[PDB]
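Structure record follows, encoded as structure tokens.
Here the Cβ positions follow ideal geometry from the backbone for every residue, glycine too, while neighbour counts run over all protein chains shown. Basis: the model, the stated rules and, where named, an outside source; these are not laboratory values.
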Amino acid sequence: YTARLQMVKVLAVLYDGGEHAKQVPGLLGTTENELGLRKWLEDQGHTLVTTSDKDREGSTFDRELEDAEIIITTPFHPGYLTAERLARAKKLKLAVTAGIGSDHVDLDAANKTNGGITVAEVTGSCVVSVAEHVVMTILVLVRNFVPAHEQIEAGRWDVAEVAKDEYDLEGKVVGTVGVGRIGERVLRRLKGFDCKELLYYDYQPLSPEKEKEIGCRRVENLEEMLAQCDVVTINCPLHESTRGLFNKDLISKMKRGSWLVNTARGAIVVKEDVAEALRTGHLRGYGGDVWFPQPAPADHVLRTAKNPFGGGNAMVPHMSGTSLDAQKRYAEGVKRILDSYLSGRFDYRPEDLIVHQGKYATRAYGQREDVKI
Amino acid sequence: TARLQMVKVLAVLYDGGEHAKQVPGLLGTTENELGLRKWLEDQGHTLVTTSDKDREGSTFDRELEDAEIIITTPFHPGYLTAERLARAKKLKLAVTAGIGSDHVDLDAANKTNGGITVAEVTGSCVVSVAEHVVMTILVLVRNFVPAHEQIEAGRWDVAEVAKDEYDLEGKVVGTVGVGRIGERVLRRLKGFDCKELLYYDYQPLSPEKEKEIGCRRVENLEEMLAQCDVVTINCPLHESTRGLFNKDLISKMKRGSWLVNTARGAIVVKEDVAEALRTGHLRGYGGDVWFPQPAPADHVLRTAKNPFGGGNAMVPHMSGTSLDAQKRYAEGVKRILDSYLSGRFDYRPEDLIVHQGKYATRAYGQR
Ligand SMILES: NC(=O)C1=CN([C@@H]2O[C@H](COP(=O)(O)OP(=O)(O)OC[C@H]3O[C@@H](n4cnc5c(N)ncnc54)[C@H](O)[C@@H]3O)[C@@H](O)[C@H]2O)C=CC1
Ligand SMILES: NC(=O)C1=CN([C@@H]2O[C@H](COP(=O)(O)OP(=O)(O)OC[C@H]3O[C@@H](n4cnc5c(N)ncnc54)[C@H](O)[C@@H]3O)[C@@H](O)[C@H]2O)C=CC1
């Protein structure tokens, strides 16, 4: 016997589904459907407050976080837990990410907050979804789909106009920054396309057995990998050493006319340096689903920046990790993490923990001293 | 062997305009002529190239009357109708710069000038297309197009586009045709962990390839359609595939399924695809092929949508004319021309569609 925790205040910050969340009940991660948690929490005597109002001065988020014991966020509409907000979150013990990537929490501040809060996410819930979105985005860019589709819809016909930037993925070199759950799954899906080579850069390598099974090669230096690739995909977390990593200087190490894909986090790239590299034709293409901040401001430059030929943009809202198949998995995973806390067992899956008991509980947010697994 | 002399070659290709000068790799254009001009002229042959192929009294219609070799390309097809073949008094060889020779009336070709040779560059485009299929499948399944439009219009609503966003993992994909393209489609889908990979073809894969790829042969086309989330069409256009994907056959697909067609436009009935999208029987349709080509400016599949404003991943006929493919089919056309002009007639058998008055392929129907 362990005594369950009692009358726990849960705050969820999710995106509004409006009428969509009634047309399609599969939109679990919405303010309407509340990850299917409400009855489950209420039957135990806990309380749930859900909001999408998270950015403005005096937001519902800012009011409710002051006495929430558990805060659920979602990367697709992230309640930013800044040092200022954590300092006001007097009751906070557990911050759960409905999805993957907890960089919208100040993790260093979380470690110094209320004796060190637990920051957990649903590891593996979104990873296939994102890896497929990567391969899709790589092909969309390489085969110059977007301007071709626009030509059709506008009632025009000019095959040369869009074939002149159309390549095959076969015989191209593809590198991944990060070979964790997503980066390894990207390479697994690119195996069948007979790329000239599959490269990776990561301070946590694949086993030799997995390198030969997939057919990929570890590059020890990031700039040396960029110089060899036709395609680069970013699949690492956002932490101090990856914030603004893809600046003008690093992008200039990519090949002229290369393709860049970023489904990881917006703030890993410098948005003005991506736009200038596309506009001068150093990049042929940029695409992905992640932005900083989110929601992306209406005038964000990567909404509309193009290569010199009028193509090269394959951006979408932050959706790959919130496909209807991913939402079923991270909704179930959030309930599992909540049960670990509310039971008083604190029997978390170790791979779900980002920070815990005042220390980083992961090796994936930078190379660290003081990592306790 | 005595070489043939002073041969009149006619090429019907697409115009590259300024594009074919920005990008010299656009070989399959009227500007760059597949890199053939000097090669032909140094042998004493002549080349006439045009993109003018549709109107009454077109350059094509004038020049085909005494052309001995006609080069066409599927991306801008000189239609060799029975009427035109009847006037092509000197025609001996029709070469397709790419793959798919259905723009030639092959039955008429067999009865023309003692049976003309119709050859194409087998294998030149097949990876290109297979990549384009998987791309199109992901674009539809993941609801990319309206999501990209939302971003470019300065809007932000994740639910609006996530409500029709699925993963390809755990879906059933079926190919109509498991030849060079359909087999390469399944080889690219293997790493996505689909629930099952199916095929329908009267020429099966070997057991060893079924086990290696991890796919299953379905004996009946309608029974395969009933089991699939996604359907891709990878067969040639011939009498038994023309209008195959009509309302009755599409109604055997699952409600909310996705249909890809990189094969040939005329294999689908365009009004029946548009109606199935309109009512939500299909979630999506996409591909690069149309009938006729150029696609009329009002073709219904330019603008047909699902009930949510998505589900259209159409492009012009480009997948087989990627810059990597053009290098391969340009080299292949030169090889086929050398077989004829040398007087050896030593064609690769797999390049032959009709020859010596007979079909030379099993892939244009069971004969
Ligand atoms: N677009 C979307 O919806 C989603 C995006 N994400 C993002 O993807 C990131 C990675 O996800 P997973 O692969 O599941 O996590 P993971 O923890 O399994 O793998 C990440 C890898 O990145 C490596 N890494 C860290 N810093 C790096 C550096 N400077 N250079 C190279 N590699 C570095 C780590 O060592 C680790 O092997 C997430 O942290 C999140 O930011 C994940 C899921 C949803
Ligand atoms: N979008 C593009 O740029 C391109 C499109 N294509 C088209 O795709 C077609 C196929 O290309 P490949 O795979 O290289 O040809 P292939 O000849 O290697 O294979 C075609 C397969 O279709 C099968 N087939 C014929 N009728 C069928 C039916 N009713 N049902 C099921 N399967 C049937 C054949 O038995 C054969 O196995 C070409 O004939 C051409 O129309 C190919 C290249 C370029």
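On the basis of being more than 10 Å from chain A (Cβ to nearest Cβ), out of contact with any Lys or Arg (no Cβ under 6 Å at 6 or more places or on another chain) and in a loop (DSSP other than H, G, I, E, B), does B:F308 make the cut? Answer is no for this residue. Among residues that are crowded, with 24+ Cβ neighbours inside 10 Å and either of a type in the set (A, V, I, L, M) or assigned by TED's automatic domain parsing to the domain that holds A:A148 (or both), A:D299 is not included.
Take the residues of the stretch B:233-261 that are polar (S, T, N, Q) and closer than 17 Å to B:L197 by Cβ: which is surrounded by the fewest Cβ atoms within 10 Å (Cβ to Cβ)?
Of the stretch B:233-261, the ones polar (S, T, N, Q) are B:234, B:240-241, B:246, B:251, B:257, B:261.
Still in the list and also closer than 17 Å to B:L197 by Cβ: B:234, B:257.
Values: B:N234: 26, B:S257: 23.
Out of the qualifying residues, it is B:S257.
Just to be sure before I move on: is A:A154 surrounded by fewer than 24 Cβ atoms within 10 Å (Cβ to Cβ), under 30 Å from A:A83 (Cβ atoms) and more than 16 Å from ligand 1 (Cβ to nearest atom) in the structure I sent? Against the criterion (surrounded by fewer than 24 Cβ atoms within 10 Å (Cβ to Cβ), under 30 Å from A:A83 (Cβ atoms) and more than 16 Å from ligand 1 (Cβ to nearest atom)), A:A154 does not qualify. Hey, does the stretch A:235-247 have a residue that's under 18 Å from B:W156 (Cβ atoms) and charged (D, E, K, R)? For the stretch A:235-247, residues under 18 Å from B:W156 (Cβ atoms) and charged (D, E, K, R): absent. Every test in (1) more than 11 Å from chain B (Cβ to nearest Cβ); (2) under 20 Å from the mean Cα position of the chain (by Cα); (3) under 29 Å from B:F192 (Cβ atoms) is passed by A:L107 save one, and that test is (3). Report yes if some residue within the stretch B:186-201 is crowded, with 16+ Cβ neighbours inside 10 Å, under 25 Å from the mean Cα position of the chain (by Cα) and among the acidic types (D, E); otherwise report no. Checking the stretch B:186-201: at least one residue is crowded, with 16+ Cβ neighbours inside 10 Å, under 25 Å from the mean Cα position of the chain (by Cα) and among the acidic types (D, E).
Looking across the stretch B:236-250, the residues that are among the charged types (D, E, K, R) and more than 15 Å from the chain's Cα centre (by Cα) come down to B:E239, B:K247, B:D248.
Has the stretch A:74-90 got any residue that is over 30 Å from B:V134 (Cβ atoms), in contact (Cβ under 8 Å) with a residue 24 or more places away in the chain and within 14 Å of chain B (Cβ to nearest Cβ)? Looking through the stretch A:74-90, at least one residue is over 30 Å from B:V134 (Cβ atoms), in contact (Cβ under 8 Å) with a residue 24 or more places away in the chain and within 14 Å of chain B (Cβ to nearest Cβ). Checked against (1) touching a residue at least 12 places away in the same chain (Cβ under 8 Å); (2) away from ligand 1 (no atom under 16 Å from the Cβ); (3) more than 24 Å from the chain's Cα centre (by Cα), A:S258 passes all but condition (3). Of the residues making up the stretch B:308-354, those that are surrounded by fewer than 19 Cβ atoms within 10 Å (Cβ to Cβ), assigned by TED's automatic domain parsing to the domain that holds B:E131 and among the small types (G, A, S) number 1. Where helices (runs of 4 or more DSSP H) fall wholly inside the stretch B:68-153, the ranges with 1 or more residues that are within 16 Å of ligand 2 (Cβ to nearest atom) are B:106-110, B:126-141. Taking the criterion of being within 25 Å of A:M319 (Cα to Cα) and of a type outside the set (F, W, Y), the residues of the stretch A:63-76 that qualify are A:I70, A:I71, A:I72, A:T73, A:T74, A:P75.
Is there a residue in the stretch A:9-16 that is within 14 Å of chain B (Cβ to nearest Cβ) and farther than 23 Å from A:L238 by Cβ? Within the stretch A:9-16 (the criterion being within 14 Å of chain B (Cβ to nearest Cβ) and farther than 23 Å from A:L238 by Cβ), the answer is yes, since at least one residue qualifies. Annotation: of all residues in the stretch A:205-232 being under 17 Å from A:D249 (Cα atoms) and not hydrophobic (A, V, I, L, M, F, W, C), the one that is surrounded by the most Cβ atoms within 10 Å (Cβ to Cβ) is A:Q228.
Considering the stretch A:114-155 alone, what residues qualify as being outside the structural domain of A:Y286 (by TED's automatic domain parsing) and without any contact (Cβ under 8 Å) to a residue 24 or more places away in the chain? Those that are outside the structural domain of A:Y286 (by TED's automatic domain parsing) and without any contact (Cβ under 8 Å) to a residue 24 or more places away in the chain: none in the stretch A:114-155. Residues in the stretch A:22-54 that are hydrophobic (A, V, I, L, M, F, W, C) and within 22 Å of the chain's Cα centre (by Cα): A:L27, A:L28, A:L35. When the residues of the stretch B:263-305 are filtered to those that are in a loop (DSSP other than H, G, I, E, B) and away from chain A (no Cβ under 14 Å), the one that is farthest from ligand 1 (Cβ to nearest atom) is B:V269. For the stretch B:154-163, which residues satisfy the criterion of being at negative phi and not in a helix (DSSP H, G or I)? B:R155, B:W156, B:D157, B:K163, listed by residue number. Being within 14 Å of chain A (Cβ to nearest Cβ) and surrounded by fewer than 23 Cβ atoms within 10 Å (Cβ to Cβ): is that true of B:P24 here? Here the answer is yes, as B:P24 does meet what is asked.
Residues that are part of a strand (DSSP E or B) and without any contact (Cβ under 8 Å) to a residue 40 or more places away in the chain were ranked within the stretch B:174-233; the one that is nearest to ligand 2 (Cβ to nearest atom) is B:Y200.
The set of residues in the stretch A:224-241 that are in contact with a helix residue (DSSP H, G or I) (Cβ under 7 Å, 6 or more places away or on another chain) and either within 14 Å of another protein chain (Cβ to nearest Cβ) or of a type outside the set (A, V, I, L, M, F, W, C) (or both) comprises A:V231, A:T233, A:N235.
Every condition in (1) within 30 Å of B:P74 (Cβ to Cβ); (2) away from every other protein chain (no Cβ under 14 Å) is met by A:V162 except one, and the failing one is (2).
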